[PDB]
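These notes are about the structure you will find just below.
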Amino acid sequence: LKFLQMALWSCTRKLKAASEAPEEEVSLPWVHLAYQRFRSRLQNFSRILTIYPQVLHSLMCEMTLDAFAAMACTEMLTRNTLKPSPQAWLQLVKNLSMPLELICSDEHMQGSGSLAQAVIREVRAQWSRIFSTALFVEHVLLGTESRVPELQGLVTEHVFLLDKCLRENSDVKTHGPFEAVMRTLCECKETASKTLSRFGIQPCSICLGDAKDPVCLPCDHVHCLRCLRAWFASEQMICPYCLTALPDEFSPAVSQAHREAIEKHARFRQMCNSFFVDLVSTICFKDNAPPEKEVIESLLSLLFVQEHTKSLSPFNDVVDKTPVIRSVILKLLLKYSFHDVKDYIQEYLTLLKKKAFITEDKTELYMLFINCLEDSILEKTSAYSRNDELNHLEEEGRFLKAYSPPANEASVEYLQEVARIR
Amino acid sequence: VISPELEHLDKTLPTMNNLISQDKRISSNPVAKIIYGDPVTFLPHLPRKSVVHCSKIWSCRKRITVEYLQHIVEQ
Amino acid sequence: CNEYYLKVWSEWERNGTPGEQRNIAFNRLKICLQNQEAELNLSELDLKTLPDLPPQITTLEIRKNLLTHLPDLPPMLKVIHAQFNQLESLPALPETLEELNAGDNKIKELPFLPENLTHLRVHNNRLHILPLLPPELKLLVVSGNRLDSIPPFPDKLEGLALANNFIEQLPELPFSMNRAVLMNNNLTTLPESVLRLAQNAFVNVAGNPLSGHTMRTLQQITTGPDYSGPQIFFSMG
Ligand SMILES: [Zn+2]
Ligand SMILES: [Zn+2]
């Protein structure tokens, strides 16, 4: 109640300071005006104190208690990382996300002073770090507990490594932090592979994927049953990878150990991919501004191996046999204004369309882009009000009036026009 | 009894549409040719140069709603 | 000098970290001293680095350890099986080395090799640069590395394997070659000498982005069984 008094008192003082007149006297009406003007901020501060009452102990003409409460929470979450228990910590982070994300938005805190702005800048870097570590925890750690409990220690260590690498500059929309996260996740997957088997995990030299139907040999390198049958036809007794003379009487079979190990490594890869995808979607592609050129270029590079296509993942260990095309990165880029993303999307199209992944009769490929562009517009329009809808319909009318029309191909501007017309 | 049938709509409907469109009562109608067939065959004014001037890029599409999500989730 | 050997083996024993069964190494190494053994073993001891090795042995097993770099070497260390260590690169190699296996390591490049090194295996390494090969290299194995390059093949390369690298172009296989494996490389084409070989050599070239018309070229050639060249395969399910 003391803190709420201080907050509403500062709001009243500020509002009266802007009264077009001095603060000769501060009457009761101004208090109601303050509540009306700062209702949401005060409710949010109350929500924060309710969720994590401990913040009060840390707290011991401008409204700033909310920003300092947020800073205290980010401190009393970076310090208590994974404590008391991973689930409680993750759940607290989740509960606080909504109020902390509100405080970190320019809309909620319009016009606050410079101390509040600097505090919010730090609270933003802190929240980015906390949220990234929390997503790593939720996807890799919790899953690892149930599926592959043997790795929980390594995942726990890498959590603090991630927190340590993101600390100084946590703007994952820039290049350095993005590469640092990708590098850390790659080291973690590599170490897990070395751990789950002292000879590691390698794909079969025939299929170069995971050794489905795993078959080991006196050389300890792994292959597949079906590939070994196809290889053993005749005159082909020796392994391909090492040229070892197999005993004439040899007969292959499956080792349960390796199939379990492979399944564990696949579950781990799946969790790490989910973490990367969530970090890109939520943290990287968040602002009202696209990430920098280097991040987008790296992401577009990750889709393809040196061509073959794969799902969005920093690991060059899974590949789609046929060149599949998917819409994720396109939807993410289209979250922003087309004017900014045109060159990225046209580079993506020219890259796919470079006989790397498609051959001819591309009418289906263009439809993919058009559909996403259509979705993008619909996504934006659903935010509009009734008068915004009328002004939109008039603008679109004068656009249809202004529209006027190379061959043998299409560009993202032509496809965006086709979508808008549709 | 009903549920077995709905599973096969994606095929059964194009079949019915074909049988209907090719019926004499329809197969000579231009609106039907536009809806079910490719109009380029019978409209010479239609361009045929740019990939954008195909038939499918200018075809309808499913509007996404909450009901359609509900149905997909249940399936 | 035996006392200095005893000192260095017991002191490197003093480096006993977790998992490193260097005590067992001490029984074996002292035994090697006592017999002046021709054969010695240190494999599977999870070791990470080694002290000076006995000089009079002609064989040394160090496989499945965690070694990353090696100490002084015998004069007559003919046969090393160093499969699956963490080696990055190896010291000066001995003269009479007639077989060496360094597969599953992390090596990037090796030095000069003997005249009679009839067998070499570095599968699953990270090699990037290959020096010249001997006249009697009955076997060359480089798969698992990151090579799109290869020096010419020696006169005596009977067995060859090259798969899982990035090879785009291959020198010619001599008449002595009898079993070539070139799977999932980045080869552009397989040259004509590969046909002139005997009618019994297996050549797998599947997984490569080979020239489709070059494929059809081999198609016309293979539909003519009148030639007694080897059997060439380009893909299997
Ligand atoms: Zn296979
Ligand atoms: Zn083998």
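We label chains A, B, ... in the order they appear in the structure tokens, count residues from 1 in each chain, and number ligands from 1 in the order shown.
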Check: What residues in chain A lie within 8 Å of chain C, counting only C-alpha atoms, written as an MDAnalysis selection string?
Finding: chainID A and resid 199 205:206 230 235:236 240:243
Notebook entry, point to check: Could you list, as a count of residues only, every residue of chain A that has an atom within 12 Å of an atom of chain B, counting only C-alpha atoms?
Noted result: 32
Notebook entry, point to check: What is the distance, in Å and to one decimal place, between atom CA of residue A:145 and atom CA of residue A:80?
Noted result: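 The value is 20.1 Å.
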Name the residues in contact with residue C:8 at a cut-off of 10 Å, using only C-alpha atoms, excluding same-chain residues fewer than 6 positions from it; report them as a PDB file with C-alpha atoms, in the first residue's frame.
ATOM      1  CA  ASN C   2      66.105 -49.123 -18.370  1.00  0.00           C
ATOM      2  CA  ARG C  14      51.534 -40.349 -11.221  1.00  0.00           C
ATOM      3  CA  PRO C  51      55.070 -41.008 -22.311  1.00  0.00           C
ATOM      4  CA  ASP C  52      58.044 -42.395 -24.226  1.00  0.00           C
ATOM      5  CA  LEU C  53      57.294 -45.822 -25.687  1.00  0.00           C
TER       6      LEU C  53
END
Check: Leaving out stretch 166-174 of chain A and any residue of its chain fewer than 6 positions from it, which residues lie within 10 Å of it when counting only C-alpha atoms, given as a list in words?
Finding: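 Residues meeting the cut-off are residues 124, 125, 126, 127, 128, 129, 130, 132, 133, 160, 180, 181, 279, 280, 283, 284, 285, 286, 287, 289, 290, 291, 292, 293, 294, 295 and 296 of chain A.
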Next item on the list: Select the residues contacting ligand 1 at a distance of at most 9 Å, based on only C-alpha atoms and all ligand atoms, then format the selection as a ChimeraX atom specification.
Entry: /A:203-213,223-228
Could you save the residues just selected, with N, CA, C and O atoms, as a PDB file, in the first residue's frame?
ATOM      1  N   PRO A 203      26.358 -42.081 -39.114  1.00  0.00           N
ATOM      2  CA  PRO A 203      25.412 -42.675 -40.059  1.00  0.00           C
ATOM      3  C   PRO A 203      26.084 -43.682 -40.979  1.00  0.00           C
ATOM      4  O   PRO A 203      27.305 -43.702 -41.151  1.00  0.00           O
ATOM      5  N   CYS A 204      25.252 -44.528 -41.577  1.00  0.00           N
ATOM      6  CA  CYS A 204      25.750 -45.549 -42.485  1.00  0.00           C
ATOM      7  C   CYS A 204      26.329 -44.913 -43.741  1.00  0.00           C
ATOM      8  O   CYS A 204      25.771 -43.958 -44.288  1.00  0.00           O
ATOM      9  N   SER A 205      27.457 -45.451 -44.199  1.00  0.00           N
ATOM     10  CA  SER A 205      28.102 -44.944 -45.401  1.00  0.00           C
ATOM     11  C   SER A 205      27.284 -45.187 -46.661  1.00  0.00           C
ATOM     12  O   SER A 205      27.634 -44.648 -47.716  1.00  0.00           O
ATOM     13  N   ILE A 206      26.214 -45.973 -46.583  1.00  0.00           N
ATOM     14  CA  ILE A 206      25.374 -46.244 -47.742  1.00  0.00           C
ATOM     15  C   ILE A 206      24.333 -45.139 -47.852  1.00  0.00           C
ATOM     16  O   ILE A 206      24.267 -44.429 -48.861  1.00  0.00           O
ATOM     17  N   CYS A 207      23.515 -44.990 -46.812  1.00  0.00           N
ATOM     18  CA  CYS A 207      22.434 -44.016 -46.819  1.00  0.00           C
ATOM     19  C   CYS A 207      22.841 -42.669 -46.242  1.00  0.00           C
ATOM     20  O   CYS A 207      22.152 -41.673 -46.484  1.00  0.00           O
ATOM     21  N   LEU A 208      23.935 -42.614 -45.486  1.00  0.00           N
ATOM     22  CA  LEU A 208      24.435 -41.401 -44.846  1.00  0.00           C
ATOM     23  C   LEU A 208      23.437 -40.783 -43.873  1.00  0.00           C
ATOM     24  O   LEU A 208      23.653 -39.660 -43.404  1.00  0.00           O
ATOM     25  N   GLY A 209      22.350 -41.486 -43.556  1.00  0.00           N
ATOM     26  CA  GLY A 209      21.463 -41.099 -42.482  1.00  0.00           C
ATOM     27  C   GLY A 209      21.645 -41.987 -41.266  1.00  0.00           C
ATOM     28  O   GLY A 209      22.547 -42.824 -41.194  1.00  0.00           O
ATOM     29  N   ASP A 210      20.751 -41.808 -40.297  1.00  0.00           N
ATOM     30  CA  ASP A 210      20.807 -42.635 -39.101  1.00  0.00           C
ATOM     31  C   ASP A 210      20.715 -44.105 -39.487  1.00  0.00           C
ATOM     32  O   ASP A 210      19.965 -44.482 -40.393  1.00  0.00           O
ATOM     33  N   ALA A 211      21.479 -44.938 -38.787  1.00  0.00           N
ATOM     34  CA  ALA A 211      21.614 -46.336 -39.172  1.00  0.00           C
ATOM     35  C   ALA A 211      20.360 -47.132 -38.838  1.00  0.00           C
ATOM     36  O   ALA A 211      20.389 -48.015 -37.975  1.00  0.00           O
ATOM     37  N   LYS A 212      19.258 -46.813 -39.511  1.00  0.00           N
ATOM     38  CA  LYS A 212      18.054 -47.627 -39.417  1.00  0.00           C
ATOM     39  C   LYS A 212      18.411 -49.102 -39.533  1.00  0.00           C
ATOM     40  O   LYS A 212      19.220 -49.496 -40.377  1.00  0.00           O
ATOM     41  N   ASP A 213      17.800 -49.918 -38.677  1.00  0.00           N
ATOM     42  CA  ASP A 213      18.186 -51.317 -38.548  1.00  0.00           C
ATOM     43  C   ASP A 213      19.682 -51.378 -38.274  1.00  0.00           C
ATOM     44  O   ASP A 213      20.455 -51.830 -39.129  1.00  0.00           O
ATOM     45  N   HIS A 223      26.163 -49.717 -39.791  1.00  0.00           N
ATOM     46  CA  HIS A 223      25.465 -49.696 -41.070  1.00  0.00           C
ATOM     47  C   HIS A 223      24.031 -50.157 -40.850  1.00  0.00           C
ATOM     48  O   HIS A 223      23.585 -50.342 -39.716  1.00  0.00           O
ATOM     49  N   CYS A 224      23.299 -50.329 -41.945  1.00  0.00           N
ATOM     50  CA  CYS A 224      21.907 -50.750 -41.907  1.00  0.00           C
ATOM     51  C   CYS A 224      21.763 -52.179 -42.419  1.00  0.00           C
ATOM     52  O   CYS A 224      22.527 -52.631 -43.275  1.00  0.00           O
ATOM     53  N   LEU A 225      20.762 -52.886 -41.885  1.00  0.00           N
ATOM     54  CA  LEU A 225      20.536 -54.269 -42.287  1.00  0.00           C
ATOM     55  C   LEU A 225      20.225 -54.366 -43.773  1.00  0.00           C
ATOM     56  O   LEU A 225      20.826 -55.169 -44.494  1.00  0.00           O
ATOM     57  N   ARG A 226      19.281 -53.556 -44.252  1.00  0.00           N
ATOM     58  CA  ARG A 226      18.867 -53.660 -45.646  1.00  0.00           C
ATOM     59  C   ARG A 226      20.024 -53.316 -46.570  1.00  0.00           C
ATOM     60  O   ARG A 226      20.229 -53.968 -47.604  1.00  0.00           O
ATOM     61  N   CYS A 227      20.834 -52.332 -46.181  1.00  0.00           N
ATOM     62  CA  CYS A 227      21.955 -51.951 -47.022  1.00  0.00           C
ATOM     63  C   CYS A 227      23.003 -53.050 -47.020  1.00  0.00           C
ATOM     64  O   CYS A 227      23.650 -53.295 -48.043  1.00  0.00           O
ATOM     65  N   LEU A 228      23.167 -53.730 -45.884  1.00  0.00           N
ATOM     66  CA  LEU A 228      24.139 -54.811 -45.805  1.00  0.00           C
ATOM     67  C   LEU A 228      23.684 -56.026 -46.600  1.00  0.00           C
ATOM     68  O   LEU A 228      24.521 -56.743 -47.159  1.00  0.00           O
TER      69      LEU A 228
END
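Among all protein and nucleic acid residues, the ones that lie within 8 Å of ligand 2 when counting only C-alpha atoms and all ligand atoms are residues 217, 218, 219, 220, 221, 238, 239, 240, 241, 242, 243, 244, 245 and 246 of chain A.
Atom CA of residue A:63 to atom CA of residue A:131 spans 25.9 Å [interatomic distance, one decimal].
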Next item on the list: Write down as a list in words the residues belonging to stretch 215-369 of chain A that are assigned strand (DSSP E) by DSSP computed on the backbone.
Entry: residues 215, 223, 224, 304, 305, 308 and 309 of chain A
Please identify all polymer residues within 9 Å of residue C:116, counting only C-alpha atoms, omitting same-chain residues fewer than 4 positions from it, and present them as a compact mmCIF listing (two decimals) with N, CA and C atoms, in the first residue's frame.
# COMPACT_ATOMS: atom_id res chain seq x y z
N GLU C 95 60.53 -45.39 -40.23
CA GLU C 95 60.92 -45.81 -41.57
C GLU C 95 60.18 -47.06 -42.02
N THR C 96 60.19 -48.10 -41.20
CA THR C 96 59.71 -49.41 -41.61
C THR C 96 58.22 -49.60 -41.37
N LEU C 97 57.48 -48.52 -41.15
CA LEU C 97 56.04 -48.63 -40.97
C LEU C 97 55.41 -49.22 -42.23
N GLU C 98 54.94 -50.46 -42.14
CA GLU C 98 54.33 -51.15 -43.26
C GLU C 98 52.81 -51.15 -43.20
N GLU C 99 52.23 -50.75 -42.07
CA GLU C 99 50.79 -50.59 -41.95
C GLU C 99 50.54 -49.59 -40.84
N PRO C 134 53.24 -43.78 -51.69
CA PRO C 134 54.41 -44.60 -51.99
C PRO C 134 54.20 -45.45 -53.23
N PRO C 135 55.25 -46.11 -53.72
CA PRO C 135 55.10 -47.00 -54.88
C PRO C 135 54.35 -48.28 -54.57
N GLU C 136 54.27 -48.70 -53.31
CA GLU C 136 53.72 -50.01 -52.95
C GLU C 136 52.48 -49.87 -52.06
N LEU C 137 51.73 -48.79 -52.21
CA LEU C 137 50.56 -48.56 -51.37
C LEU C 137 49.42 -49.49 -51.77
Next item on the list: For residue B:30, list every protein, DNA or RNA residue within 9 Å, evaluated using only C-alpha atoms, and leave out those in the same chain fewer than 5 positions away; present the list as a ChimeraX atom specification.
Entry: /B:35,39,42
Next item on the list: To one decimal in Å, tell me the separation between atom CA of residue C:54 and atom CA of residue C:100.
Entry: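 That distance, rounded to one decimal, is 17.8 Å.
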Next item on the list: Show which residues sit within 9 Å of stretch 392-402 of chain A, as JSON, numbers by chain. Count only C-alpha atoms, and ignore same-chain residues fewer than 6 positions away.
Entry: {"A": [381, 384, 420, 421]}
Writing out the chosen residues with N, CA, C and O atoms as a short mmCIF file (atom, residue, chain, number, x, y, z; two decimals), in the first residue's frame:
data_model
loop_
_atom_site.label_atom_id
_atom_site.label_comp_id
_atom_site.auth_asym_id
_atom_site.auth_seq_id
_atom_site.Cartn_x
_atom_site.Cartn_y
_atom_site.Cartn_z
N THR A 381 -4.94 -7.19 -41.76
CA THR A 381 -6.25 -6.54 -41.87
C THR A 381 -7.12 -6.89 -40.68
O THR A 381 -8.00 -6.10 -40.30
N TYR A 384 -7.57 -4.27 -38.03
CA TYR A 384 -8.14 -2.97 -38.37
C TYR A 384 -9.51 -2.78 -37.75
O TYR A 384 -10.26 -3.73 -37.51
N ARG A 420 -2.76 -9.29 -53.79
CA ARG A 420 -3.58 -8.15 -53.41
C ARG A 420 -4.83 -8.10 -54.28
O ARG A 420 -5.94 -7.85 -53.79
N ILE A 421 -4.66 -8.32 -55.59
CA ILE A 421 -5.79 -8.34 -56.51
C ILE A 421 -6.77 -9.43 -56.10
O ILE A 421 -7.99 -9.24 -56.14
#
Notebook entry, point to check: With only C-alpha atoms as the basis for distance, which of C:173, C:195, C:79, C:33 is at the shortest distance from residue C:221?
Noted result: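 Checking each candidate against residue C:221, we get C:195 as the closest.
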